[PDB]
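One structure below.
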Amino acid sequence: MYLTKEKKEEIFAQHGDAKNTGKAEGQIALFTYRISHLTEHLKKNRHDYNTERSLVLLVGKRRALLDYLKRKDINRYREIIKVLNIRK
Amino acid sequence: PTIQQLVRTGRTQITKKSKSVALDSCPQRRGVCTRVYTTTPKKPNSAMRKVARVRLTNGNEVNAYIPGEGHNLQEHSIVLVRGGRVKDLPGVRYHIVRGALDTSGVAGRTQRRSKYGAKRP
Amino acid sequence: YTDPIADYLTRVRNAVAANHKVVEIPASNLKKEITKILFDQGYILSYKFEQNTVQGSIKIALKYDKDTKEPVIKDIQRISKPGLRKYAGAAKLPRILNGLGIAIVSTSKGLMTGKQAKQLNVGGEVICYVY
RNA sequence: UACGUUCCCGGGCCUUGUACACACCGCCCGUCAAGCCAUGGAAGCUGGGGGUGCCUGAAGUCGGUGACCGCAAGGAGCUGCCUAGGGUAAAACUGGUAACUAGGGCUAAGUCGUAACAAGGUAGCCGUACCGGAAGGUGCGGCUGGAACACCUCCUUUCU
RNA sequence: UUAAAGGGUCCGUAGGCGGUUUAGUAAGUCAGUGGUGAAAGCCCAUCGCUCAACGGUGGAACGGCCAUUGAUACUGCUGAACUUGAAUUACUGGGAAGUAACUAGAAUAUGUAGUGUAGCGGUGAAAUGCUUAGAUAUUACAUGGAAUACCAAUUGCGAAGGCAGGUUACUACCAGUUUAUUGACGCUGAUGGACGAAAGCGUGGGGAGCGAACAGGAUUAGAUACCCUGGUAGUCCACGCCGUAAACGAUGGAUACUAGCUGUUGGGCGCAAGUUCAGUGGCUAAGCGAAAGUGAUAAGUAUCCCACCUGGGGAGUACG
RNA sequence: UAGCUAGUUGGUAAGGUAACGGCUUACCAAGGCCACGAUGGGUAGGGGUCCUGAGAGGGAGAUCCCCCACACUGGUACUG
RNA sequence: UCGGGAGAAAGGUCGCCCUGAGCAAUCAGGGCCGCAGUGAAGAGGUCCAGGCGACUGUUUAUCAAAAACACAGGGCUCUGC
């Protein structure tokens, strides 16, 4: 998960309002990006439990945000999971 | 502790295991004796206590203690066990009523006559 | 937090134990009502509702005697808790300190005392009690 | 003859540790040997209810037939479903008992050793592995819930 | 905490709890009314048996339930708003924080070559052991394995276990602050998942030193031990298996309050003094505690959630 | 004691019972319950009440009254 | 040894005619016949416990088919072309 300032600005502008670095949608997108870019490192470093636990923590944070969205607005949750390919 | 923990699983109340169990929760039980002998206390007492192996009517083999002095208690006699253990003989947890069907009372007893089954002189 | 009312009582109790003069508790409608009731009953000297905060502050002045201080607030505790809420009609109100202490009871009319609500024959929820 | 108190014995004071207090001539551990008590395992033996799968199925209600009684109804006689009872097969639960066998609690405190309690005379304990008549010994890791001792080799600074 | 009792540690499902303001309903909560809550029984009062027991009458009680009418302070639900909680982003930094791959020196062991002769080693003293087949000792070279003196410590990091020669790559985490951003998105968490010292197990390598078991020597009345000489598994590596510790701070995780003195680690503001956050030690006041002690990093005063305790032995034993 | 139920779950038409109803039959679908304890095992008639306790609670269900089940052990129907 | 044991064990129907539902098949209702309906022939007896050998397999043509030999697996030792 090599995250640069330009990469973060791009992943936030892809969801809109590149200056809005606190939106739940942008946070879920960033978490998904750095989880997909970390599960691959975990395939060549299968004995890296230190980063396996951090990946689990990121999954937990993303699930907390998804539960917040599910409890607040039922439509945005479906939209974000369909566009980001989450929830199985 | 926590009210939620108490709501989930409350306080467990125990059953308070009884004292005299081999008499079927009856005040007295009839029985037949098979071996009348004498035993020793634990410590520091020194005596020769008279006990009898009694087989109650409900099929229970117990050891009863003969109170007082003077008795017949042959190898086969109808006795009436009442209960009450002693802190000297390990195993004897019952007493025999003096003045019952076949057991004898006491002679020359004048103070505690209600016990030991003694008539009024 | 878990109980702003419990925190409001705990700050006062700790300041009384530490022999302070003023407290700067956060503000809310229920805390303001409790402070008004306590000032009307005569357990605190004065109270000020300080603005200029997103929530607001309550500055309360604690009362002690002019000799042998002996703080008048000896025991201020809660009866209803967020883990167990205790309500009661106008027949089961407590007997705090054998009629010498106060018991705040949130009633359908407003926030009253255990003795000021029994006359109105209204019930409600017992919030706290002060000796 | 006595340099001297480092050792042997006895006594005093301060601190320290103790599982001792009739007070170390203390307390206490384990195996083996002899009795009593209750509870497990085990080749087998013997039962008790309830369930399921089949066969047979009394009476009785309800259908079919009814070439025989009757003038019509209807009935006699066969017969079908349901179901108590009986038989059978394999399992499940549970009680009693059994050659032999493992461990536990007491008894008079028998035999062998002294493992722990003082720095208990090899500090103790925990997890684990191996070994030994027995308490136990040793290897690896961890703790102080251990005692006695318990301050230091460099002395002082430039952007390398 | 030391008497029985904090799970080895985190993540997290169901569940439990809910920062401020505001609008609506009135489910919980409160009040009134109607119905019911049989009789008998208990209690109160009053009458008849000469009193009492007993009997008659009345009230209260029957803590409850159904329908309906009100109040809206608190909890629940729906809607809206806010930033203090929480999270993200930007800048300064922080470390023995992980995985993988390279590399250096000291020391031990072995081998070759040179020199050289009678000892070497060990203990409270000895012996077993290696040695005239040239040991111990010394010089030079080579081979191989494990661990990293000084720095170096009540330092630092990690959820815990734990992490120490040097370098690189791939990650993770934390702290402070001028920012910008979302707006309760939070805490705990039974079943469950992951990690988890050492020892142990399976397969394939490696094996310098150490060394369970074992073999000799020694002490002893005996010595299956302490002591001495050797030594297999193991300790190491690459995939796995179990999931146990005095896994200890014998102290669960959050949040908020309540006196100080004195070091130190990483930041900010400072020309210095010094001040303010985030961690890490010592003394002690009040307060707690049976006492020892603890004491702002509480065992102080409160609230939420989880686990555990209920005399000793039998017993973490028997059965499944 | 972690899975249970196969007329079992719902529906469509008949037979029915005093009366609705898988109560029964014919057909279609695979449903229904379960950690807030199904299923299985042990025990037990239930209540007004009695004893005790400051109260909250705890322990029993004789005699009096109300409801349910049974009549040697089981099954079936008639009269009404 | 999770593959088995197992066709475990223990049971029910099978003929002819008619009707209906049916995808040909088959099923559901009735009726008839006989002592008997897979009416003849062909087609596993099963269970319990112990010894030996893991297993399939091979062996004394012409008196021994086995617990003997072999076997996959384990070990020691030799061998640098």
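Side-chain atoms are counted along with the backbone in the values below, which use heavy atoms only and exclude waters and symmetry mates. Convention: sequence-line order gives letters A, B, ...; per-chain numbering from 1.
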Under 4.0 Å from OP1 or OP2 of [N]: is there any side-chain N or O of [X] that close?
X: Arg85(C); N: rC74(E); result: no
X: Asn19(C); N: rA286(E); result: no
X: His20(C); N: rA259(E); result: yes
X: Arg13(C); N: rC257(E); result: no
X: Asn29(C); N: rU21(E); result: yes
X: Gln13(B); N: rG58(F); result: no
X: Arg8(B); N: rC306(E); result: yes
X: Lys61(A); N: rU88(E); result: yes
X: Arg34(A); N: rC173(E); result: yes
X: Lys8(A); N: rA90(E); result: yes
X: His41(A); N: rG98(E); result: no

Students often get this wrong, so: under 4.0 angstrom with heavy atoms, is [X] touching a base, only sugar-phosphate, or nothing?
X: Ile3(B); answer: nothing
X: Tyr49(A); answer: sugar-phosphate
X: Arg63(A); answer: nothing
X: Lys43(B); answer: base
X: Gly89(C); answer: sugar-phosphate
X: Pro4(C); answer: sugar-phosphate

Side chain of [X] only, please: which of [options] is the nearest?
X: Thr2(B); options: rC309(E), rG32(E), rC306(E); answer: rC306(E)
X: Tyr2(A); options: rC185(E), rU88(E), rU171(E); answer: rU171(E)
X: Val122(C); options: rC30(E), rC195(E), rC173(E); answer: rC30(E)
X: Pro82(C); options: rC239(E), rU20(E), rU303(E); answer: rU303(E)
X: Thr21(A); options: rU88(E), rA73(E), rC11(E); answer: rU88(E)
X: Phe12(A); options: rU88(E), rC74(E), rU303(E); answer: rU88(E)
X: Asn14(C); options: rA302(E), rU84(E), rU258(E); answer: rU258(E)
X: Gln4(B); options: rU301(E), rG15(E), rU171(E); answer: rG15(E)
X: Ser108(C); options: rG28(E), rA73(E), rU20(E); answer: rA73(E)
X: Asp48(A); options: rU99(E), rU88(E), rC74(E); answer: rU99(E)

message = Looking at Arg49(B) and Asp88(B), is there a salt bridge between them, counting it only when a charged N and a carboxylate O are closer than 4.0 Å?
response =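 Judged by the 4.0 Å cut-off on N to carboxylate O distance, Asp88(B) and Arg49(B) do form a salt bridge.
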ask   = Between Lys86(C) and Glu125(C), does at least one N-O distance fall below 4.0 Å, as a salt bridge requires?
value =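 A salt bridge is absent here (no side-chain N lies under 4.0 Å from a carboxylate O).
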Under 3.5 Å for both donor-acceptor distances, Watson-Crick or wobble: does [N] have a partner, and if so which one?
N: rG4(G); answer: none
N: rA147(E); answer: none
N: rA43(G); answer: none

Could you tell me how far apart [X] ([atom1]) and [N] ([atom2]) are, to the nearest whole angstrom?
X: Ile76(C); N: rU303(E); atom1: CD1; atom2: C1'; result: 15 Å
X: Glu52(A); N: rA159(E); atom1: CD; atom2: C1'; result: 15 Å
X: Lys81(C); N: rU303(E); atom1: NZ; atom2: P; result: 7 Å

request  = Can you label the angle between the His95(B) ring and the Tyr65(B) ring as parallel, tilted or perpendicular, going by 30° and 60°?
outcome  =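 Judged by the thresholds at 30° and 60°, the geometry between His95(B) and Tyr65(B) is tilted.
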message = Would you call the rings of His47(A) and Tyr49(A) parallel, tilted or perpendicular, taking 30° and 60° as the class edges?
response =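 Ring orientation, 0 to 90° scale: perpendicular.
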In [N], glycosidic geometry as syn within 90° of 0 or anti otherwise:
N: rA72(D); value: syn
N: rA71(F); value: anti
N: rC35(G); value: anti
N: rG22(F); value: syn
N: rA67(E); value: anti

query = In a check of side-chain hydrogen bond (donor to acceptor under 3.5 Å, both in side chains) between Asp67(A) and each of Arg71(A), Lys70(A), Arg63(A), which one passes?
reply =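 Between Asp67(A) and the candidates, side-chain hydrogen bond (donor to acceptor under 3.5 Å, both in side chains) is satisfied uniquely by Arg63(A).
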At less than 3.5 Å, do the side-chain atoms of [X] and the base atoms of [N] form a donor-acceptor pair?
X: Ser106(C); N: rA73(E); answer: yes
X: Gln5(B); N: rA307(E); answer: yes
X: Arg11(C); N: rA302(E); answer: no
X: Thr2(C); N: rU303(E); answer: yes

task = Report the C-alpha distance between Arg13(C) and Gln77(C) in whole Å, list the side-chain angles of each, state the deciding distance to 0.1 Å, and finish with yes or no for side-chain hydrogen bond (donor to acceptor under 3.5 Å, both in side chains).
result = CA-CA 9 Å; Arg13(C) 173 170 51 248; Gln77(C) 298 286 134; 2.9 Å; yes
Please indicate the pucker of [N], north or south, going by the torsion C1'-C2'-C3'-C4'.
N: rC152(D); result: south
N: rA21(D); result: south
N: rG7(F); result: south
N: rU224(E); result: south

query = Would you call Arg78(C) and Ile127(C) a side-chain contact if the rule is heavy atoms closer than 4.5 Å?
reply =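 In contact.
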request  = Check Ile76(C), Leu38(C), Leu62(C), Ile37(C) against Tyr43(C) for a side-chain contact (heavy atoms from CB on, under 4.5 Å) and give me the one that passes.
outcome  =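 That would be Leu38(C).
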Would [N] and [M] qualify as a Watson-Crick or G-U pair, given that each of the two distances needs to be less than 3.5 Å?
N: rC288(E); M: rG293(E); result: yes
N: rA60(F); M: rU49(F); result: yes
N: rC43(E); M: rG59(E); result: yes

Stacking status for step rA21(G)-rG22(G) (5.5 Å, 30° cutoffs) =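 Stacked: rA21(G) and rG22(G) meet both the distance and angle limits.
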request  = Confirm or reject stacking between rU83(E) and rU84(E), applying the criteria of under 5.5 Å between six-membered ring centres and under 30° between their planes.
outcome  =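 Stacking between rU84(E) and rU83(E) is absent - centres under 5.5 Å, planes under 30° not both met.
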inquiry  = Surrounding CD of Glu69(B) (heavy atoms of other residues, nucleotides or ligands, distance under 6.0 Å), is the total greater than 12?
reply    =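 At most 12 heavy atoms, drawn from other residues, nucleotides or ligands, come within 6.0 Å of this atom.
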query = Got more than 12 heavy atoms from elsewhere within 6.0 Å of CZ, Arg30(B)?
reply =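 At most 12 heavy atoms, drawn from other residues, nucleotides or ligands, come within 6.0 Å of this atom.
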